[PDB]
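# Observations on chain architecture
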Amino acid sequence: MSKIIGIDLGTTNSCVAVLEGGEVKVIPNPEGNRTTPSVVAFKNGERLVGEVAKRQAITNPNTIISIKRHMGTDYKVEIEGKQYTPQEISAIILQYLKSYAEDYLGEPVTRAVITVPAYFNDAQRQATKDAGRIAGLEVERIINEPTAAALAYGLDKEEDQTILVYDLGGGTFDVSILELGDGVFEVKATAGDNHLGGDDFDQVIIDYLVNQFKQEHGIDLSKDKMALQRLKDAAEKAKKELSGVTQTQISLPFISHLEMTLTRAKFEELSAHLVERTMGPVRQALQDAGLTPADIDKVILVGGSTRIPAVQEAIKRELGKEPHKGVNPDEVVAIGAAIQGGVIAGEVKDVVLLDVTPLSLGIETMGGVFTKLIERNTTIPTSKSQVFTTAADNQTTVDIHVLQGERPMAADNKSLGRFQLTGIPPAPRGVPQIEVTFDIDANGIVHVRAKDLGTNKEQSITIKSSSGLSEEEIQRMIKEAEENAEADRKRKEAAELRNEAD
Amino acid sequence: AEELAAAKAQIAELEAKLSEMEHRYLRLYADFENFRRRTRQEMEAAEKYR
Amino acid sequence: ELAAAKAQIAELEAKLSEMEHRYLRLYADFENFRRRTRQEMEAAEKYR
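The deposited coordinates, according to the entry record, derive from X-ray crystallography at 4.094 Å resolution.

Turning our attention to the overall build of chain C. Secondary structure summary: chain C contains one helix and zero strands in total. Relative to its 48 residues, chain C shows a buried fraction of 23%. For chain C, the exposed area adds up to about 3700 Å²; of that, 53% sits on carbon and sulfur atoms.

All names here are of chain A. Taking strand neighbours across the sheet as the criterion, the three strands line up as β6-β5-β7 in an open arrangement whose pairing is antiparallel. At either margin of the open sheet sits one strand with a lone partner, and together these are β6 (47-49) and β7 (64-65). Pairing of strand β5 (residues 39-42) with β6 involves three bridges; the strand directions are antiparallel. Following the sheet pairing, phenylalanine 42 is matched in β6 by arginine 47.

Here helix α12 (residues 471-484) of chain A is 14 residues long and its end C-alpha atoms lie 20 Å apart, about the 20 Å a rise of 1.5 Å per residue gives. Downstream of α12(A) by one or two residues, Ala485(A) has phi in the positive range, about 45 degrees.

With that out of the way, let us pick up the interface of chain C and chain B. Taken together, the contact between chain C and chain B spans 18 residues of the former and 20 residues of the latter. Tallied by class, the residues present in the side of chain C that touches chain B amount to 11 nonpolar, one polar and six charged.

With that settled, the discussion passes to the interface of chain A and chain B. As a measure of interface size, the accessible area lost when the parts come together is often cited. At the junction of the two partners, chain A supplies 12 residues and chain B supplies eight residues. Listed by contribution, the elements that provide at least two residues to the side of chain A that touches chain B are β3 (18-20) and α2 (86-105) of chain A. When grouped by side-chain class, the residues that make up the side of chain A that touches chain B number four nonpolar, four polar and four charged.

It is worth spelling out the pairing of strand β1 (residues 5-9) of chain A at this point. Residues and elements named next belong to chain A. Across four bridges, β1 lies against strand β8 (residues 112-116) in parallel orientation. Paired with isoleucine 5 across the bridge in β8 is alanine 112. Here β1 runs beside strand β2 (residues 14-15); their pairing, made up of two bridges, is antiparallel. Each bridged residue has a counterpart across the sheet, and for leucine 9 the counterpart in β2 is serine 14. Remark: four residues form the turn of the hairpin made by β1 and β2, two consecutive strands paired antiparallel; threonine 11 in that turn has positive phi of roughly 60 degrees.

Right, let's get into the sheet that holds strand β23 (residues 458-462) of chain A. Residue and element names in this part refer to chain A. Strand order in the open sheet formed by four strands is β18-β21-β22-β23, and the pairing between neighbours is antiparallel. Looking along the sheet, the strands with just one partner apiece sit at the ends: β18 (382-388) and β23. Each adjacent strand pair in this sheet contributes to an overall mean axis angle of 10 degrees, direction not counted. Strand direction decides the pairing type here: strand β21 (residues 434-440) and strand β22 (residues 446-452), joined by seven bridges, are antiparallel. Within β22, the residue paired with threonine 437 across the bridge is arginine 449.

A few words now on helix α6 (residues 225-244) of chain A. The terminal C-alpha atoms of α6(A), which comprises 20 residues, lie 28 Å apart, in line with the 28 Å expected from a rise of 1.5 Å per residue. Measuring from the backbone nitrogen of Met226(A) back to the side-chain oxygen at the start of α6(A) gives 3.4 Å, which picks out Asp224(A) as the cap.

Angle between the axes and distance between the axes: these two values describe a pair of packed helices. Residues and elements named next belong to chain A. Packing of helix α5 (residues 198-216) against α6 brings their axes to within 9 Å, and their N-to-C directions diverge by 110 degrees. Put simply, α5 runs roughly perpendicular to α6. Crossing of α5 over α6 shows right-handed handedness. Contact residues: α5 offers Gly198, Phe201, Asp202, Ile205, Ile206, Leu209 and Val210, while α6 offers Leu228, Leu231, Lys232, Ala235, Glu236 and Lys239. Residues belonging to the contact of α5 with α6 are distributed by class as follows: eight nonpolar, one polar and four charged.

As a further point, take the packing of aromatic side chains. For any pair of aromatic rings, geometry is given as the distance between the ring centres together with the angle between the planes. Between the aromatic rings of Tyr166(A) and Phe173(A), the centroid separation amounts to 4.8 Å while the plane-to-plane angle is 55 degrees, which identifies the pairing as tilted. Between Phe35(B) and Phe30(C), the aromatic rings sit 5.8 Å apart at their centres with planes inclined by 70 degrees, giving edge-to-face as the arrangement. Residue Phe35(B) is found in helix α1 (residues 2-45), and its partner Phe30(C) is found in helix α1 (residues 4-46); the two belong to separate chains. An aromatic cluster is present here, built from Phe32(B), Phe35(B), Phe30(C) and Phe33(C) joined pairwise through their rings. Positioned above the aromatic ring of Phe201(A), the side-chain terminus of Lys239(A) is 5.7 Å from the ring centre.

All right, on to the pattern of salt bridges then. Between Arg449(A) and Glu458(A) there is a salt bridge, with its nearest N and O atoms 2.5 Å apart. Shared partners join several salt bridges into a network, and the residues in it are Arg449(A), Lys451(A) and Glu458(A).

The rules behind these values
Residues numbered from 1 in each chain as written, not as in the entry; some residues may be left out. Chains lettered and ligands numbered in written order. Part of a larger assembly, values for the part shown. Heavy atoms only, no water. Residues with missing side-chain atoms left out of burial classes, pairs and counts. Helix = DSSP H or I, 4+ residues; strand = E, 2+ residues; numbered from the N terminus. Buried < 20%, exposed > 50% of the residue type's maximum accessible area, 1.4 Å probe, protein only. Areas by Shrake-Rupley, 256 points an atom, 1.4 Å probe, with all protein chains shown as cover. Pairing = 2+ DSSP bridges. Expected span 1.5 Å × (residues − 1). Contact = heavy atoms within 4.5 Å. Nonpolar A, V, L, I, M, F, W, Y, C, P; charged D, E, K, R; others polar. Axes fitted to C-alpha atoms, helices over the stretch in contact; angles between N-to-C directions. Polar contact = N/O pair within 3.5 Å; in protein donor to acceptor, adjacent residues only side chain to side chain. Parallel < 35°, antiparallel > 145°, perpendicular 65-115°, else oblique. Left-handed = near helix turned anticlockwise from the far one by under 90°. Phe/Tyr/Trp six-rings, centres within 6.5 Å; stacked < 30°, edge-to-face > 60°. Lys NZ or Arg CZ within 6 Å of the ring centre and 35° of its normal. Salt bridge = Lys/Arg side-chain N within 4 Å of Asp/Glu carboxyl O.

Structure representation (structure tokens):
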């Protein structure tokens, strides 16, 4: 069949994502971009879309810029050769997103699902399923951005609860307060700002910057756009640094040159003003629902520019606790769209347990030198097989001794099995083949086979405990291999290839 | 009479669960079997562009 | 027919065990790929 593919459009924030196996996945675009964005164009006989449409936008008649404002509206653009509607333009947004998810996977997604606003209603949120199928990719449902990343993470193990989201758009802010219906999502409250965000942040950097340069040399900045580009970029840098890092600087030099030591608390007192343009939307929610800041079970951080400690130092002292950061917020809508995408048309209830292997398992070479087949950490329902040969010419029989641990030595390891095998045909050493499939089930009793080839006479063993014991005892040994740190001196028996006599 | 009915009753529930069984049951396959091909180009992309 | 109903019932429960197994070995192999690949691309981009 087909997997149900996420596509969010966030008006300058947009993604089409998927799920392969047991791990949630954020697709790559045709551009080197982890995500290519929402706006486009046209020309004679040939369309141009994305980050490739958008810089032919200040250079050519056709650019559409953040059409989110016209979804569910009677808005009609007059454009060359036919006027156009939000639907037919978005049909191409997702026609291009279709070819791109296709040129990534190869296993097509016809069925797909969308990320809309929590505020939207019968008019526009229908416009989503509709234009969703305009490009050709059917919609099996339409999520809302907020209930979406809520279920990217997911709330349904847990109990009847309450929450408020954080949407940070591309220069838009939002938050939507939600509750649990013990399996049901209904978004309760809505708030935010029409223009506020990351680019604005970059422009407070560019602003105090340019103003300070007119403060020194008297010479003004904004007249110059490779300089100002230089600004946007380097200032974006200093930004996300101030987020993570404790100190900064910016090397912008050979300007025309500004080399500054970029500060954090100056950028903070720079930015600590619009953090209360948020507390407004937030508490306006707190009243739209009626329940105080103290009424909620969990709350979250979303968006692109949300990665700085500004809002989070405004919150830890606002609502009492820390946010769930367990995402990579930037794309966090996309994957969310497909979570249930694969909860519907696909996999059901999931243990995903005994996904790890106690130790590296191997056996008795050259009088005890221990070689691994199984490593540690390995998903348990598996088996690996290897074939040795003759110790010495005419081995009439071969005993098998297997170890568990790391240290490449015999009693420097745990004796696991000892059992033997006889009747081998007499003949030069190294030649005859004996196989051992370590056959490891899921449940923990391990089977292990050794059998000649030319014989097809076979002895195997079914062990019992494999462990029988506790965590500390093992990890004390996992420690022990490290602790020894070169008992590797047994390369001494590695030169015992003296065994070769010729 | 009613003694007859539980036959395709149980049978029903069973193949019924089965359908899904099958589906999901090769889902994993098809996908992993895709991204082996994925990483299969990923060495090709790191061969120049890394 | 009569208990051949029960017979197929058996067949299918059996393919339940059989099936789930067929899966968990899958989960095994899938999740397992990662250690390897991660380290493979490690060595890919240290040099070159």
